[PDB]
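What follows is a single structure, written as structure tokens, with notes after it.
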Amino acid sequence: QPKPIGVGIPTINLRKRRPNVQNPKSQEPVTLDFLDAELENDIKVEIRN
Amino acid sequence: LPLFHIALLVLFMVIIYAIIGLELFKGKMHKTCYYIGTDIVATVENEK
């Protein structure tokens with residue numbers, strides 16, 4: 530599911546920005562953990578390892 | 194020492210010209226040129 534991952538609470542103030550520049554688009558990859566793509570279990574970790 | 198009849202003038206002339214400024218110009222300098230709802234001052238590259 531496109532839409533990259535993984536930030537804390539996404540804080541934005543609107544007092545800092547200007548009515549202007551493009552606000553970069555996060556060259557960050559989408560690296561999803563297998564133990565976070567599903568439910569974590571003692572059986573699946575044996576499968577993953 | 195022949196100047197404290199002259200330096201006593203400016204010190205009395207400042208006290209005159211300070212109080213005139215403080216009466217007429219009290220707090221005019223506060224209004225902004227900020228942007229729409231944000232907190233940036235809006236200047237043009239060279240302007241103070």
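So the sequences go chain by chain: F and A. So for the first sequence, the deposited numbering puts the first residue at 530; every next one is plus one. So for the second sequence, the deposited numbering puts the first residue at 194; every next one is plus one. Virtual Cβ for every residue (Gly too), placed ideally from N, Cα, C.
Residue-level contact check: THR231 of chain A touches chain F, since one or more beta carbons of chain F fall below 8 Å from its beta carbon. For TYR228 of chain A, the chain F residues whose C-beta falls within less than 7 Å of its own C-beta are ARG547, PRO548, listed in chain order. Looking at the backbone, the Cα of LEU568 of chain F and that of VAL574 of chain F are separated by about 11 Å.
Scanning F:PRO553, F:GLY535, F:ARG547 for the CA closest to the CA of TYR228 of chain A turns up F:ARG547. Spatial neighbours of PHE563 of chain F in its own chain (CB-CB distance under 6 Å, excluding positions within 5 residues in sequence) are listed in chain order as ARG577. In the three-state reduction of the DSSP assignment, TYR227 of chain A falls in the strand class.
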